[PDB]
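Raw contents of query.txt, compact mmCIF, C-alpha atoms and all ligand atoms:
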```
# COMPACT_ATOMS: atom_id res chain seq x y z
CA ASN S 16 149.90 85.86 82.87
CA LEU S 17 152.95 85.85 80.51
CA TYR S 18 151.68 84.75 77.05
CA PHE S 19 147.89 85.41 77.21
CA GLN S 20 147.92 89.12 78.19
CA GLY S 21 144.22 89.85 77.51
CA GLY S 22 141.55 90.55 80.13
CA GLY S 23 138.40 88.67 81.14
CA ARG S 24 135.70 87.47 78.69
CA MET S 25 132.73 89.04 80.50
CA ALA S 26 134.60 92.41 80.88
CA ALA S 27 135.31 92.22 77.10
CA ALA S 28 131.54 91.80 76.39
CA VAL S 29 130.83 94.91 78.49
CA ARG S 30 133.58 96.92 76.67
CA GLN S 31 132.14 95.63 73.35
CA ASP S 32 128.48 96.40 74.31
CA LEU S 33 129.48 99.98 75.30
CA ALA S 34 131.54 100.59 72.12
CA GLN S 35 128.50 99.62 70.01
CA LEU S 36 126.23 102.25 71.73
CA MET S 37 128.77 105.16 71.44
CA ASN S 38 127.22 106.78 68.30
CA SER S 39 123.61 105.49 68.78
CA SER S 40 120.73 107.62 67.38
CA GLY S 41 118.17 106.24 69.90
CA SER S 42 116.08 108.38 72.29
CA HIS S 43 117.48 109.45 75.67
CA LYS S 44 115.40 107.12 77.92
CA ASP S 45 116.01 104.14 75.59
CA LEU S 46 119.75 104.86 75.20
CA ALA S 47 120.26 105.59 78.95
CA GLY S 48 118.27 102.39 79.69
CA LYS S 49 120.69 100.33 77.51
CA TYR S 50 123.72 101.88 79.27
CA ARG S 51 122.00 101.10 82.61
CA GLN S 52 121.50 97.43 81.55
CA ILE S 53 125.27 97.17 80.77
CA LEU S 54 126.04 98.84 84.16
CA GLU S 55 123.83 96.25 85.97
CA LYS S 56 125.68 93.44 84.07
CA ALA S 57 129.11 94.89 85.07
CA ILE S 58 127.93 95.24 88.73
CA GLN S 59 126.75 91.54 88.87
CA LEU S 60 130.35 90.30 88.08
CA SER S 61 132.39 89.20 91.21
CA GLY S 62 136.20 89.92 91.32
CA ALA S 63 138.92 91.07 88.89
CA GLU S 64 136.23 90.68 86.16
CA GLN S 65 133.96 93.22 87.95
CA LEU S 66 136.82 95.66 88.54
CA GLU S 67 137.83 95.48 84.82
CA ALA S 68 134.18 95.89 83.61
CA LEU S 69 133.54 98.87 85.89
CA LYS S 70 136.75 100.53 84.57
CA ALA S 71 135.56 99.88 80.96
CA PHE S 72 132.20 101.57 81.94
CA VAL S 73 134.00 104.73 83.19
CA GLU S 74 136.27 104.81 80.16
CA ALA S 75 133.19 104.61 77.84
CA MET S 76 131.40 107.43 79.72
CA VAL S 77 134.30 109.97 79.64
CA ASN S 78 134.67 109.44 75.88
CA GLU S 79 133.87 112.82 74.17
CA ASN S 80 131.62 111.01 71.62
CA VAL S 81 129.11 110.22 74.42
CA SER S 82 126.83 113.25 75.05
CA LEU S 83 127.25 114.87 78.48
CA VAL S 84 123.58 114.46 79.16
CA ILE S 85 124.04 110.65 79.07
CA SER S 86 127.49 110.44 80.71
CA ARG S 87 126.54 112.68 83.65
CA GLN S 88 123.38 110.66 84.32
CA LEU S 89 125.12 107.27 83.98
CA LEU S 90 128.19 108.36 86.02
CA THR S 91 125.78 109.49 88.76
CA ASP S 92 123.97 106.06 88.52
CA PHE S 93 127.43 104.31 88.55
CA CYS S 94 128.46 106.19 91.71
CA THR S 95 125.34 105.04 93.61
CA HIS S 96 126.46 101.38 93.27
CA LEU S 97 130.06 101.84 94.53
CA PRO S 98 129.33 102.21 98.33
CA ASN S 99 127.69 98.73 98.19
CA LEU S 100 131.07 97.20 97.02
CA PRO S 101 133.98 96.13 99.30
CA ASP S 102 136.12 99.12 100.37
CA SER S 103 139.32 97.94 98.60
CA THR S 104 137.35 97.68 95.31
CA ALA S 105 135.41 100.95 95.78
CA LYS S 106 138.71 102.79 96.66
CA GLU S 107 140.44 101.58 93.50
CA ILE S 108 137.42 102.50 91.31
CA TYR S 109 137.05 105.99 92.93
CA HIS S 110 140.72 106.83 92.26
CA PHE S 111 140.50 105.41 88.70
CA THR S 112 137.34 107.45 88.02
CA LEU S 113 138.90 110.73 89.27
CA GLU S 114 141.97 110.04 87.06
CA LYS S 115 139.84 109.38 83.93
CA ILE S 116 137.56 112.40 84.56
CA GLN S 117 140.60 114.73 85.02
CA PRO S 118 140.89 115.74 81.30
CA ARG S 119 137.22 116.96 81.40
CA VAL S 120 137.03 117.75 85.16
CA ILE S 121 135.05 121.00 84.61
CA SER S 122 132.23 119.04 82.89
CA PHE S 123 131.92 116.41 85.72
CA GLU S 124 132.25 118.63 88.82
CA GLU S 125 129.16 117.18 90.51
CA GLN S 126 130.44 113.60 90.08
CA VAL S 127 133.96 114.52 91.29
CA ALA S 128 132.53 116.00 94.48
CA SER S 129 130.40 112.89 95.17
CA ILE S 130 133.33 110.55 94.50
CA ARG S 131 135.70 112.60 96.73
CA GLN S 132 133.18 112.56 99.62
CA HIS S 133 132.79 108.72 99.34
CA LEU S 134 136.54 108.12 98.90
CA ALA S 135 137.42 110.35 101.90
CA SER S 136 134.87 108.36 103.99
CA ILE S 137 136.78 105.11 103.22
CA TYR S 138 140.11 106.65 104.20
CA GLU S 139 138.43 108.00 107.39
CA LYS S 140 137.02 104.54 108.27
CA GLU S 141 140.58 103.11 107.84
CA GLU S 142 142.05 105.94 110.09
CA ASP S 143 144.13 107.20 107.13
CA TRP S 144 143.44 110.73 108.24
CA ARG S 145 145.82 112.70 105.97
CA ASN S 146 144.60 110.93 102.80
CA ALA S 147 140.97 111.55 103.82
CA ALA S 148 141.65 115.24 104.40
CA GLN S 149 143.58 115.65 101.11
CA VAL S 150 140.80 113.97 99.14
CA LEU S 151 138.28 116.54 100.53
CA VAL S 152 140.66 119.45 100.08
CA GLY S 153 140.64 118.51 96.36
CA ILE S 154 136.92 119.38 96.05
CA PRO S 155 136.79 122.82 94.34
CA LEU S 156 134.35 124.65 96.67
CA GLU S 157 135.28 128.10 95.32
CA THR S 158 137.28 127.25 92.04
CA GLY S 159 134.48 125.31 90.29
CA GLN S 160 131.48 126.32 88.13
CA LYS S 161 129.05 124.90 90.76
CA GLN S 162 127.86 127.47 93.37
CA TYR S 163 127.94 125.21 96.48
CA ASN S 164 125.57 126.07 99.29
CA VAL S 165 127.08 127.52 102.46
CA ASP S 166 126.25 124.43 104.57
CA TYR S 167 127.97 122.06 102.15
CA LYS S 168 131.10 124.19 102.29
CA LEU S 169 130.93 124.54 106.11
CA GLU S 170 130.37 120.78 106.60
CA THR S 171 133.32 120.01 104.30
CA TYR S 172 135.77 122.43 106.02
CA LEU S 173 134.68 121.12 109.45
CA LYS S 174 135.35 117.54 108.27
CA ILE S 175 138.77 118.54 106.94
CA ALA S 176 139.67 120.29 110.22
CA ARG S 177 138.54 117.25 112.27
CA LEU S 178 140.63 114.91 110.05
CA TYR S 179 143.74 117.05 110.49
CA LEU S 180 143.21 117.01 114.30
CA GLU S 181 142.99 113.19 114.13
CA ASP S 182 146.33 113.36 112.24
CA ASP S 183 147.91 115.44 115.05
CA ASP S 184 148.21 118.41 112.66
CA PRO S 185 146.53 121.24 114.53
CA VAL S 186 148.17 123.97 112.39
CA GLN S 187 146.52 122.55 109.21
CA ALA S 188 143.28 121.99 111.14
CA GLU S 189 143.28 125.66 112.19
CA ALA S 190 143.88 126.76 108.58
CA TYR S 191 140.64 125.07 107.50
CA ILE S 192 138.55 125.91 110.59
CA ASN S 193 139.47 129.55 109.77
CA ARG S 194 137.91 129.16 106.31
CA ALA S 195 134.81 127.69 107.98
CA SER S 196 134.68 130.74 110.34
CA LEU S 197 134.00 133.01 107.34
CA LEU S 198 130.81 131.02 106.48
CA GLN S 199 129.35 129.90 109.81
CA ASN S 200 127.36 133.11 110.36
CA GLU S 201 125.77 132.96 106.84
CA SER S 202 124.48 129.41 107.66
CA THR S 203 120.92 128.91 109.00
CA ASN S 204 121.77 125.36 110.34
CA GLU S 205 122.13 125.86 114.05
CA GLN S 206 123.32 122.28 114.84
CA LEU S 207 126.10 122.69 112.22
CA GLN S 208 127.07 126.08 113.75
CA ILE S 209 127.37 124.37 117.18
CA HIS S 210 129.50 121.58 115.65
CA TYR S 211 131.66 124.36 114.21
CA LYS S 212 132.00 126.08 117.64
CA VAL S 213 133.01 122.78 119.25
CA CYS S 214 135.60 122.09 116.58
CA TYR S 215 137.01 125.63 116.82
CA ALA S 216 137.41 125.24 120.62
CA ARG S 217 139.11 121.86 120.12
CA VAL S 218 141.49 123.28 117.53
CA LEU S 219 142.46 126.10 119.93
CA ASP S 220 143.04 123.55 122.69
CA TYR S 221 145.25 121.39 120.41
CA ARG S 222 147.16 124.59 119.39
CA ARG S 223 147.82 125.32 123.11
CA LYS S 224 145.81 128.59 122.82
CA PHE S 225 144.38 127.54 126.17
CA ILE S 226 142.77 130.71 127.41
CA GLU S 227 141.07 131.30 124.01
CA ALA S 228 139.86 127.64 124.05
CA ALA S 229 138.64 128.03 127.65
CA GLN S 230 136.52 131.07 126.75
CA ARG S 231 134.91 129.22 123.77
CA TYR S 232 134.26 126.04 125.82
CA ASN S 233 132.77 128.16 128.66
CA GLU S 234 130.38 129.88 126.23
CA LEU S 235 129.25 126.46 124.86
CA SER S 236 128.43 125.45 128.47
CA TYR S 237 125.79 128.18 128.65
CA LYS S 238 123.81 126.97 125.64
CA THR S 239 120.44 125.64 126.89
CA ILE S 240 119.87 124.02 123.44
CA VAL S 241 122.80 121.64 124.26
CA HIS S 242 122.01 118.67 126.54
CA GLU S 243 123.01 119.25 130.21
CA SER S 244 125.60 116.40 130.10
CA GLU S 245 127.38 118.05 127.15
CA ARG S 246 127.19 121.53 128.71
CA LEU S 247 129.01 120.01 131.76
CA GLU S 248 131.58 118.38 129.42
CA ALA S 249 132.17 121.81 127.81
CA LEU S 250 132.58 123.36 131.30
CA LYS S 251 135.10 120.62 132.23
CA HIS S 252 137.10 121.36 129.07
CA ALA S 253 137.01 125.09 129.93
CA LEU S 254 138.30 124.39 133.41
CA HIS S 255 141.14 122.13 132.31
CA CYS S 256 142.21 124.65 129.64
CA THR S 257 142.12 127.49 132.16
CA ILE S 258 144.35 125.56 134.61
CA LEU S 259 146.84 124.83 131.77
CA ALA S 260 146.81 128.42 130.49
CA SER S 261 149.74 130.81 130.93
CA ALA S 262 149.48 132.75 134.22
CA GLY S 263 148.15 136.30 134.16
CA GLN S 264 145.12 138.58 134.16
CA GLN S 265 143.01 136.80 131.49
CA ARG S 266 143.59 133.42 133.15
CA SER S 267 142.78 134.77 136.64
CA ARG S 268 139.55 136.36 135.29
CA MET S 269 138.48 132.98 133.84
CA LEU S 270 139.35 131.22 137.14
CA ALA S 271 137.01 133.73 138.88
CA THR S 272 134.22 133.08 136.32
CA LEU S 273 134.52 129.32 136.75
CA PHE S 274 134.78 129.51 140.57
CA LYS S 275 131.54 131.51 140.66
CA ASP S 276 129.80 128.85 138.50
CA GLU S 277 128.17 126.40 140.93
CA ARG S 278 128.31 123.63 138.32
CA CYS S 279 132.08 123.40 138.76
CA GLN S 280 131.47 121.67 142.13
CA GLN S 281 130.36 118.58 140.06
CA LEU S 282 133.92 118.41 138.58
CA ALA S 283 136.81 116.46 140.04
CA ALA S 284 139.17 119.41 139.39
CA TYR S 285 137.10 121.77 141.61
CA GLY S 286 139.75 121.51 144.38
CA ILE S 287 142.49 122.69 142.04
CA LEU S 288 140.22 125.43 140.64
CA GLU S 289 139.68 126.78 144.16
CA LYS S 290 143.43 126.79 144.91
CA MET S 291 144.25 128.48 141.58
CA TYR S 292 141.46 131.07 142.00
CA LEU S 293 142.77 131.87 145.54
CA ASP S 294 146.37 132.42 144.20
CA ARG S 295 147.75 129.54 146.27
CA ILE S 296 151.20 128.01 145.65
CA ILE S 297 150.38 124.48 144.28
CA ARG S 298 152.47 121.44 145.19
CA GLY S 299 153.48 118.60 142.81
CA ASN S 300 151.57 115.90 144.72
CA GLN S 301 148.31 117.96 144.68
CA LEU S 302 148.09 117.73 140.80
CA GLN S 303 148.98 114.05 140.13
CA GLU S 304 145.29 113.12 139.95
CA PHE S 305 144.58 116.24 137.83
CA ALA S 306 147.37 115.37 135.41
CA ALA S 307 145.71 111.94 135.02
CA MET S 308 142.36 113.85 134.19
CA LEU S 309 143.97 115.41 130.98
CA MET S 310 143.66 114.65 127.23
CA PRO S 311 146.71 113.13 125.48
CA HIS S 312 147.73 116.29 123.63
CA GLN S 313 147.64 118.23 126.98
CA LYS S 314 150.26 115.89 128.47
CA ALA S 315 152.96 116.70 125.87
CA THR S 316 156.51 116.84 127.29
CA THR S 317 159.70 118.39 125.91
CA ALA S 318 163.07 116.54 125.66
CA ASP S 319 163.96 117.62 129.27
CA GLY S 320 160.77 115.84 130.52
CA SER S 321 158.84 119.09 131.30
CA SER S 322 155.08 118.93 130.63
CA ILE S 323 152.59 121.62 129.70
CA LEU S 324 151.10 121.33 133.22
CA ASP S 325 154.53 121.53 134.90
CA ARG S 326 155.25 124.83 133.16
CA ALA S 327 151.76 126.26 133.86
CA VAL S 328 152.07 125.46 137.59
CA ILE S 329 155.49 127.11 137.80
CA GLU S 330 154.12 130.30 136.19
CA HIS S 331 151.05 130.25 138.45
CA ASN S 332 153.26 129.69 141.51
CA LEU S 333 155.63 132.52 140.57
CA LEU S 334 152.76 134.97 140.06
CA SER S 335 151.20 133.82 143.36
CA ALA S 336 154.55 134.36 145.17
CA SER S 337 154.71 137.89 143.66
CA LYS S 338 151.42 138.69 145.50
CA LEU S 339 152.72 137.40 148.90
CA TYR S 340 156.19 138.90 149.16
CA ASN S 341 157.99 142.17 148.55
CA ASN S 342 161.20 140.38 147.52
CA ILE S 343 162.84 136.93 147.73
CA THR S 344 166.06 135.13 146.78
CA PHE S 345 165.90 132.58 143.93
CA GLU S 346 167.29 129.92 146.31
CA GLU S 347 164.24 130.45 148.61
CA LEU S 348 161.82 130.91 145.75
CA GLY S 349 163.14 127.70 144.17
CA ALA S 350 162.91 125.84 147.51
CA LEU S 351 159.31 127.05 148.08
CA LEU S 352 158.30 126.09 144.49
CA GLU S 353 160.34 122.79 144.51
CA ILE S 354 162.31 123.89 141.40
CA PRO S 355 166.01 124.86 140.90
CA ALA S 356 166.90 128.53 141.63
CA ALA S 357 168.11 128.98 138.01
CA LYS S 358 164.67 127.92 136.66
CA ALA S 359 162.85 130.26 139.05
CA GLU S 360 165.04 133.13 137.76
CA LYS S 361 164.68 132.17 134.08
CA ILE S 362 160.86 131.95 134.23
CA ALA S 363 160.46 135.04 136.48
CA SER S 364 162.69 136.98 134.05
CA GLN S 365 160.51 135.85 131.12
CA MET S 366 157.28 136.87 132.88
CA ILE S 367 158.77 140.32 133.69
CA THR S 368 159.93 140.87 130.08
CA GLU S 369 156.46 139.72 128.84
CA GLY S 370 154.62 142.17 131.18
CA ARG S 371 152.87 139.35 133.14
CA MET S 372 154.77 140.02 136.43
CA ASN S 373 155.64 143.52 137.73
CA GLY S 374 159.10 143.78 139.27
CA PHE S 375 162.83 143.50 138.62
CA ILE S 376 165.71 141.07 139.15
CA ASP S 377 169.12 141.66 140.81
CA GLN S 378 171.27 139.09 138.95
CA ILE S 379 174.46 139.41 141.07
CA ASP S 380 172.75 138.96 144.50
CA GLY S 381 170.09 136.57 143.05
CA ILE S 382 166.94 138.39 144.25
CA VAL S 383 163.59 139.28 142.63
CA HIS S 384 161.80 142.48 143.76
CA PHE S 385 157.99 142.42 143.36
CA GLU S 386 155.95 145.63 142.69
CL CL G 1 127.08 112.14 91.32
CL CL G 2 143.38 124.76 100.18
CL CL G 3 135.23 118.37 116.67
CL CL G 4 121.41 128.33 123.22
CL CL G 5 123.99 122.95 132.75
CL CL G 6 147.27 130.24 127.31
CL CL G 7 135.16 115.65 136.39
CL CL G 8 137.42 117.70 136.26
NA NA G 9 154.28 141.57 146.25
NA NA G 10 163.72 138.78 131.28
```
Translate the structure described by the file into structure tokens.
Amino acid sequence: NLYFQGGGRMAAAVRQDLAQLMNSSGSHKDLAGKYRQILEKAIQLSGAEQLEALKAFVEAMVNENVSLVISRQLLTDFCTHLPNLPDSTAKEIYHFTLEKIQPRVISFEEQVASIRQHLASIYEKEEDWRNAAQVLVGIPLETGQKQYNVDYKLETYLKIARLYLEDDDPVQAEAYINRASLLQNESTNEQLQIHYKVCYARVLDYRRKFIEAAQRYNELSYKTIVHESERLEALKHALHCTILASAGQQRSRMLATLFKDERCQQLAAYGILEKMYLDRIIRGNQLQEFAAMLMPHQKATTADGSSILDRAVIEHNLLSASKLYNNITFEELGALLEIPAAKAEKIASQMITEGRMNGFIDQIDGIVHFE
């Protein structure tokens, strides 16, 4: 380590063999064949020797004295061997290769894209979601000289959006699914368009845009090209989103759509659907099993311990009470809803200001007047 600072002998032979070919006058197939023989030699090495030789190969190829016709072909050939290597080795070589290509990145755009797709796949396999997404975001889909086909761009934005959802970053996921939305209609790949629709619905769900997600999931449930088991899974997602949605006209219209769909009787949450659709006041105990039916992100709680479902039930209960009574004190309204009177007033006041409940509040006497 300290006094003998040079590299491995076999990596030195590779570096040497490549330096000798740099200004060769030989024909393309002969010259490319000699570079390929050196690549096969470098690939047959086993550890630090292999890593060093493969780096010497990339460094020789990016050299401006090697014609692009050769370097593009051999860098493509080089890339085909890297997925067969251990992930830690392939990762190091992919990053090294992107770094060494950077000064001539416009000339090697095809190779950069291939490397970024393979490198992102390693980060994905290791659940390093943010690094995987960033690697794909670095592919120049619109800033390069290559005119990428629509489906390549759509597949890449969908992958980025899915990776950001895995990273619990729905705002970034939405930013990229929105770029995919501009392409999806120009695509002729129906399965990819359905994958896009599913991702878009998931992104809306993660963003707590529950009624928008419910509508998209419901529409997926109607697609006869989708297997029956997955149409029922889409319907279940639509139902859960509708229950979690903020109380009002759009939500009540979706509850009516779902209640009229006979398939909802195959879902465990049918009982809750019926009660919500009928504008019933829902008790805490009636939703414990439903709360256990939810996805992790749908169970988020604030510092006070309040969950998404807790707040949705309070809004639903307040709107339902507004249809039963002409007026009521907050003490009674709180006692009927099993919440403090101050919370009943605060949420009722918000729904009135937002236009979701018609009526007015008498703050001194603590009474809400409906209609
Ligand atoms: Cl390539
Ligand atoms: Cl971007
Ligand atoms: Cl997805
Ligand atoms: Cl269909
Ligand atoms: Cl069905
Ligand atoms: Cl909502
Ligand atoms: Cl179910
Ligand atoms: Cl269910
Ligand atoms: Na009323
Ligand atoms: Na208010």
>> Set the distance at 8 Å and use all atoms listed in the file: which residues neighbour residue 261 of chain S once local chain neighbours fewer than 3 positions away are removed? I'd like the list as a list in words.
In response: residues 225, 226, 266, 327, 330 and 331 of chain S
>> Which residues are near segment 230-235 of chain S? Cut-off 9 Å, all atoms listed in the file, ignore same chain within fewer than 6 positions. Put them as an MDAnalysis selection string.
In response: chainID S and resid 209 212:213 215:217 241 245:246 248:254 256:257 269 273
5 Å per side around segment 323-339 of chain S: axis-aligned box centre and edge lengths, as AutoDock Vina command-line options:
```
--center_x 153.3 --center_y 130.0 --center_z 139.3 --size_x 14.6 --size_y 27.4 --size_z 29.2
```
>> Show me which residues are within 6 Å of ligand CL 8 (chain G) counting only C-alpha atoms and all ligand atoms, and format the list as an MDAnalysis selection string.
In response: chainID S and resid 251 282:284
> Which of these, S:214, S:81, S:57, S:90, has the shortest distance to ligand CL 3 (chain G) once you count only C-alpha atoms and all ligand atoms?
Replying inline: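 Using only C-alpha atoms and all ligand atoms, the shortest distance to ligand CL 3 (chain G) belongs to S:214.
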> Quick one: of S:130, S:218, S:154, S:165, who's nearest to residue 185 of chain S, counting only C-alpha atoms?
Replying inline: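 Between S:130, S:218, S:154, S:165, the residue approaching residue 185 of chain S most closely is S:218.
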>> Between atom CA of residue 25 of chain S and atom CA of residue 97 of chain S, what is the distance in Å, rounded to a tenth?
In response: 19.2 Å
> Given a cut-off of 9 Å, what residues near ligand NA 10 (chain G) show up using all atoms listed in the file, put as a ChimeraX atom specification?
Replying inline: /S:360-369,375-376
>> Counting all atoms listed in the file, what are the residues, protein, DNA or RNA alike, that approach ligand CL 1 (chain G) to within 10 Å? I want them as a VMD selection string.
In response: chain S and resid 87 to 95 123 to 130
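Near residue 306 of chain S, within 12 Å and counting all atoms listed in the file, sit residues 255, 258, 259, 283, 284, 287, 299, 300, 312, 313, 314, 315, 322, 323, 324, 325, 327 and 328 of chain S, not including residues fewer than 6 positions from it in the same chain.
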>> From the options S:113, S:151, S:356, S:85, which residue's atoms come nearest to residue 42 of chain S, counting all atoms listed in the file?
In response: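 Ranking S:113, S:151, S:356, S:85 by distance to residue 42 of chain S, first place goes to S:85.
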> Within 8 Å of ligand CL 4 (chain G), counting all atoms listed in the file: which residues, as a list in words?
Replying inline: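 The residues near ligand CL 4 (chain G) are residues 237, 238, 239, 240 and 241 of chain S.
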> Can you tell me which residues sit at most 12 Å away from ligand CL 2 (chain G), counting only C-alpha atoms and all ligand atoms, written as a list in words?
Replying inline: residues 148, 149, 150, 151, 152, 153, 154, 155, 156, 157, 158, 171, 172, 175, 176, 187, 188, 190, 191, 192, 193, 194 and 195 of chain S
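Selection of all polymer residues within 9 Å of ligand NA 9 (chain G) on the basis of all atoms listed in the file gives residues 335, 336, 337, 338, 339, 340, 341, 342, 373, 374, 384, 385 and 386 of chain S.
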If you keep C-alpha atoms, can you produce a file of those selected residues as a PDB file, in the coordinates of the input?
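This went into part.pdb:
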```
ATOM      1  CA  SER S 335     151.200 133.820 143.360  1.00  0.00           C
ATOM      2  CA  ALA S 336     154.550 134.360 145.170  1.00  0.00           C
ATOM      3  CA  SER S 337     154.710 137.890 143.660  1.00  0.00           C
ATOM      4  CA  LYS S 338     151.420 138.690 145.500  1.00  0.00           C
ATOM      5  CA  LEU S 339     152.720 137.400 148.900  1.00  0.00           C
ATOM      6  CA  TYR S 340     156.190 138.900 149.160  1.00  0.00           C
ATOM      7  CA  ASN S 341     157.990 142.170 148.550  1.00  0.00           C
ATOM      8  CA  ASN S 342     161.200 140.380 147.520  1.00  0.00           C
ATOM      9  CA  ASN S 373     155.640 143.520 137.730  1.00  0.00           C
ATOM     10  CA  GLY S 374     159.100 143.780 139.270  1.00  0.00           C
ATOM     11  CA  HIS S 384     161.800 142.480 143.760  1.00  0.00           C
ATOM     12  CA  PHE S 385     157.990 142.420 143.360  1.00  0.00           C
ATOM     13  CA  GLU S 386     155.950 145.630 142.690  1.00  0.00           C
TER      14      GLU S 386
END
```
>> For a quick check of understanding, using all atoms listed in the file, which of S:100, S:29, S:135, S:219 has the smallest distance to ligand CL 6 (chain G)?
In response: S:219
>> Please report the interatomic distance between atom CA of residue 122 of chain S and atom CA of residue 84 of chain S in Å with one decimal.
In response: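 So the answer is 10.5 Å.
With distances taken over all atoms listed in the file, S:78 is the one residue among S:206, S:78, S:378, S:160 lying closest to residue 34 of chain S.
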>> As an exercise, work out the distance from atom CA of residue 27 of chain S to atom CA of residue 107 of chain S in Å and give it to one decimal place.
In response: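 Spanning atom CA of residue 27 of chain S to atom CA of residue 107 of chain S is a straight-line distance of 19.6 Å.
Remark: for ligand CL 3 (chain G), the closest of the candidate residues S:305, S:221, S:292, S:18 is S:221 (distances computed over all atoms listed in the file).
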12 Å contact set for residue 49 of chain S, all atoms listed in the file, chain neighbours under 2 positions out, as a compact mmCIF listing (two decimals) with C-alpha atoms, in the frame of the given file:
```
# COMPACT_ATOMS: atom_id res chain seq x y z
CA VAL S 29 130.83 94.91 78.49
CA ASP S 32 128.48 96.40 74.31
CA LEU S 33 129.48 99.98 75.30
CA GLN S 35 128.50 99.62 70.01
CA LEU S 36 126.23 102.25 71.73
CA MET S 37 128.77 105.16 71.44
CA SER S 39 123.61 105.49 68.78
CA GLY S 41 118.17 106.24 69.90
CA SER S 42 116.08 108.38 72.29
CA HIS S 43 117.48 109.45 75.67
CA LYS S 44 115.40 107.12 77.92
CA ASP S 45 116.01 104.14 75.59
CA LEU S 46 119.75 104.86 75.20
CA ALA S 47 120.26 105.59 78.95
CA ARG S 51 122.00 101.10 82.61
CA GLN S 52 121.50 97.43 81.55
CA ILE S 53 125.27 97.17 80.77
CA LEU S 54 126.04 98.84 84.16
CA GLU S 55 123.83 96.25 85.97
CA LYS S 56 125.68 93.44 84.07
CA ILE S 85 124.04 110.65 79.07
CA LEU S 89 125.12 107.27 83.98
```
